[PDB]
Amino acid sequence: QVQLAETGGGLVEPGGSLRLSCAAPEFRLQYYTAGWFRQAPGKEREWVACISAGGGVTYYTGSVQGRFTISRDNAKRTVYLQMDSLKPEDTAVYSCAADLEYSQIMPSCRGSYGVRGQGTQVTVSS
């Protein structure tokens, strides 16, 4: 089942920015570690970035370190992904998730992430 709404995505020229918002109407997202995952058409589900419940701790993978910015608004129960300076390697299907396995945020965004979003296509082409 899908319990997070997804707004964003589309086509972008390499070197440009893009924002991925994600909210939860009936889910209390302000309590759990929220993260972003992607998957290229070929393979395979890899993680992108997660953020602690209080926004103090954030983890990013190598391909996005310094170029992507994850953020959250617990007053609005939303989670965002700012994808600046996009590369053609970022072409995937991006989905927001929320881990209910761990009380804290783990390095490499380890967890179950059972509450996920619908997911949108991101395409970085020239």
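Residues carry their position along the shown sequence, with the first being 1.
- Comparing the deposited coordinates for 96-104 and 36-44, the stretch with the larger average C-alpha B-factor is 36-44.
- Averaged over Cα atoms, the B-factor as recorded in the entry is higher for 85-93 than for the other of 85-93 and 71-79.
- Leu20: CA B factor lies in the middle third for its chain, per the PDB record.
- Compared with the other modelled residues of the chain, the Cα B-factor recorded for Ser63 ranks in the highest third.
- In the deposited entry, the Cα temperature factor of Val12 places it in the highest third of its chain's modelled residues.
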